[PDB]
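Note sheet for the following structure.
2 protein chains.
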Amino acid sequence: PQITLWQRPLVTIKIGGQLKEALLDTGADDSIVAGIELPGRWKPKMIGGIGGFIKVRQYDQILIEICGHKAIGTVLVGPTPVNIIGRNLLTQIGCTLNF
Amino acid sequence: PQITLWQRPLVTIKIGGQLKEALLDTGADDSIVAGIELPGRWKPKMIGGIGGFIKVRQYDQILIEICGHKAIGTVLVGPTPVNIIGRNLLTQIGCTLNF
Numbered sequence: 001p002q003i004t005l006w007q008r009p010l011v012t013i014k015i016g017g018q019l020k021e022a023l024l025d026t027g028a029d030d031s032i033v034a035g036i037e038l039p040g041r042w043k044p045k046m047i048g049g050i051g052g053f054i055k056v057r058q059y060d061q062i063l064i065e066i067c068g069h070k071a072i073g074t075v076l077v078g079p080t081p082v083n084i085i086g087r088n089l090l091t092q093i094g095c096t097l098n099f
Numbered sequence: 001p002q003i004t005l006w007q008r009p010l011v012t013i014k015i016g017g018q019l020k021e022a023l024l025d026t027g028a029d030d031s032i033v034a035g036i037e038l039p040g041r042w043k044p045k046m047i048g049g050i051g052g053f054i055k056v057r058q059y060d061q062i063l064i065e066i067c068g069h070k071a072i073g074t075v076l077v078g079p080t081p082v083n084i085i086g087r088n089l090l091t092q093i094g095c096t097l098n099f
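In the order they appear, the protein sequences are chains A and B. Going by the entry's author numbering, the first residue of the first sequence is number 1, and it counts up by one from there. Going by the entry's author numbering, the first residue of the second sequence is number 1, and it counts up by one from there.
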């Protein structure tokens, strides 16, 4: 479909039974979700953002169904403001920026 | 043109005789630019980000030529690690997220 940036670009995700809403972000190299209970072994990485660095938990091989398109990528769990579906998942779902 | 998100969508911007590169960012409601000397008056505003918060200069009605497309909107100047062309300008040049 096409979205049409007059509204913030939100899509729904299904990540391990938890139905949460997430933003498609073109200027986010990674996807970070807040509030989800994610289960297993994790490698701790530190991410950057603007005036910010937060320790995310890097969990690999997590299936996330983004708006009814599936992608098995890497999701970071953290105290983020809005949930992000960044480039690492956007590529799998075939997302393109156009003008 | 349609940008593939396998590589960061960095576009060239022309803002007041200063040529620079900027990120095409759907997850930012406002466009922020680092310390590029801009002329005029500025209104207080400080915005929400991941990790924290930064104070900017609400500069309304300044022109920015993004990929040779002219747009005029509110640009913010400040402690940004990286440059952003956010939603308030993104829809003026005609940008859509397709999938």
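Note that the Cβ used here is the ideal one computed from N, Cα and C, for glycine as well.
- Between residue 76 of chain B and residue 47 of chain B, the CB-CB gap stays under 9 Å.
- Below the 7 Å Cβ cutoff, chain B contributes 5 as neighbours of residue 90 of chain A, in chain order.
- Closest option to residue 74 of chain B, judged by alpha-carbon separation, among B:12, B:23, B:85: B:85.
- DSSP places residue 57 of chain A inside the beta strand (DSSP E), whose first and last residues are 52-66.
- Rounded to whole angstroms, the gap between the alpha carbons of residue 34 of chain B and residue 83 of chain B is 7 Å.
- Per DSSP, reduced to three states, the secondary structure at residue 90 of chain A is helical.
- Within chain B, no C-beta atom comes nearer than 9 Å to that of residue 76 of chain A; the closest sits roughly 11 Å away.
- Contact annotation: in the segment 31-51 of chain A, residues whose CB is within less than 8 Å of a CB in chain B are 32, 48, 49, 50, 51.
- DSSP places residue 22 of chain A inside the beta strand (DSSP E), whose first and last residues are 18-24.
- Following the DSSP letters along the chain, one finds residue 15 of chain B inside the beta strand (DSSP E) bounded by residues 10-15.
- Ranked by Cα distance from residue 87 of chain B, the first of A:62, A:24, A:15, A:18 is A:24.
- Secondary-structure assignment with DSSP links residue 2 of chain A through a beta bridge to B:98.
- A check of alpha carbon separations from residue 67 of chain B across B:27, B:78, B:94, B:43 identifies B:94 as the nearest.
- Inter-residue distance for residue 91 of chain B and residue 98 of chain B is about 14 Å (C-alpha atoms, whole angstroms).
- Cβ neighbours of residue 55 of chain A within its own chain (closer than 6 Å, five residues either side excluded): 46.
- Residue 28 of chain A reaches chain B at 27, counting residues in chain order whose Cβ is nearer than 7 Å.
- For the set A:64, A:71, A:72, the Cα lying nearest the Cα of residue 20 of chain A is the one of A:64.
- Residues are counted here when their Cβ sits less than 8 Å from a Cβ of chain A; for the segment 56-85 of chain B these are 67, 69, 79, 80, 81, 82, 84, given in chain order.
- Listed along chain A are 27, each with a C-beta nearer than 7 Å to that of residue 23 of chain B.
- For residue 82 of chain A, the secondary structure class from DSSP, reduced to helix, strand or coil, is coil.
- Taking each of B:27, B:70, B:41 in turn and checking the Cα distance to residue 58 of chain B, the smallest one comes out for B:41.
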